[PDB]
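Let me begin by presenting the structure, written as structure tokens, before commenting on it.
Bear in mind these aren't lab numbers, they're just calculated from the coordinates by the rules spelled out. Here the Cβ is made from the backbone with ideal geometry for all residues, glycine too, and neighbour counts use every protein chain on show.
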There are 2 protein chains.
Amino acid sequence: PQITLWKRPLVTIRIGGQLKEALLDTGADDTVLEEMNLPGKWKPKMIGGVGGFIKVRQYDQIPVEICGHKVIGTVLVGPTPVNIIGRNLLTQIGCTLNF
Amino acid sequence: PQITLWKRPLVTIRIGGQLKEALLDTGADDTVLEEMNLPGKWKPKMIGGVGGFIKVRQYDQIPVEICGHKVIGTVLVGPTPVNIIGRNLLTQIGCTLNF
Ligand SMILES: COC(=O)N[C@H](C(=O)N[C@@H](Cc1ccccc1)[C@@H](O)CN(Cc1ccc(-c2ccccn2)cc1)NC(=O)[C@@H](NC(=O)OC)C(C)(C)C)C(C)(C)C
């Protein structure tokens, strides 16, 4: 698809049994999801945005379905205002900015 | 051009004679520049990112040059860690997210 930017670029994603809305974010290095109890090992990290830092849990090698595209990578979980799909997963779906 | 997302989509912008590096950010409603002086009236605004809110100064109808494209719109100035080009100006350059 070709997504214009008059509205927030929100899509539905699937992570295990859970459907969520998430923002396609070219200004995010990383994918950050709202609080959820994913399986397996995690590492505590801090990530920075506008307004300062938040503490997140880093889970590696997590399958996520984004608009029917299957990706597998790193997901951070923490007190983000919105679910954010960052470049680490945008690159796995083949996303580019065009103008 | 087409910009891949392997690295941060940083581009050079020109504003009022000044060169700046800025991030093309589909996850930003607004364009927000690091602290700088601009002419004309402004008013305070609070904008929220992942780590909370910052207070910025809102300037309307500011011309910006982004990758050869002349745009005019609202620019927020304040304590952002990075210059951000948000959807208000991305729409003016006709940017789409493609995958
Ligand atoms: C290298 O660090 C990052 O990549 N940081 C990312 C990040 O914060 N990205 C910012 C751009 C950025 C990059 C580097 C340093 C600082 C900031 C944005 O891509 C995503 N972010 C994601 C975001 C989106 C919505 C909201 C929000 C806020 C209030 C109410 C509803 N939503 C908060 C954060 N958007 C905003 O913060 C924007 N906020 C905004 O559009 O609010 C409507 C601003 C910018 C206009 C302030 C994450 C923490 C998401 C990984």
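Does A:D30 qualify as being facing chain B (nearest Cβ under 7 Å) and either in contact with a strand residue (DSSP E or B) (Cβ under 9 Å, 6 or more places away or on another chain) or among the hydroxyl-bearing types (S, T, Y) (or both)? Criteria not met by A:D30.
Within the range B:17-56, can you find the residues that are under 24 Å from B:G94 (Cα atoms), of a type outside the set (D, E, K, R) and touching a residue at least 40 places away in the same chain (Cβ under 8 Å)? Passing the criteria: B:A22, B:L23, B:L24, B:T26, B:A28, B:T31, B:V32, B:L33. Within the range B:66-82, residues that are more than 8 Å from every other protein chain (Cβ to nearest Cβ) sit with their Cβ atoms under 6 Å from residues that are of a type in the set (D, E), at 6+ positions apart or across chains, in these pairs: B:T74/B:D60; B:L76/B:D30.
Taking the range B:20-86 and the strands (runs of 3 or more DSSP E) fully enclosed by it, the elements with 2 or more residues that are near the ligand (Cβ under 9 Å from one of its atoms) are at B:43-49, B:52-66.
B:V56 meets all of the listed conditions (1) surrounded by 13 or more Cβ atoms within 10 Å (Cβ to Cβ); (2) out of contact with any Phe, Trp or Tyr (no Cβ under 8 Å at 6 or more places or on another chain); (3) β-branched (V, I, T); (4) away from chain A (no Cβ under 11 Å) but one, namely (4).
The residue pairs whose first member lies in the range A:1-12 and is facing another protein chain (nearest Cβ under 7 Å), whose second member is hydrophobic (A, V, I, L, M, F, W, C) and part of a loop (DSSP other than H, G, I, E, B), and whose beta carbons are closer than 8 Å, counting only pairs six or more residues apart or on different chains, are A:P1/A:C67; A:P1/B:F99; A:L5/B:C95. For the range A:87-99, a residue qualifies if it is buried (at least 16 other Cβ atoms within 10 Å of the Cβ) and in a strand (DSSP E or B), and the qualifying residues are A:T96, A:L97.
Of everything listed in (1) surrounded by 14 or more Cβ atoms within 10 Å (Cβ to Cβ); (2) more than 9 Å from chain A (Cβ to nearest Cβ), the single unmet condition for B:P39 is (1).
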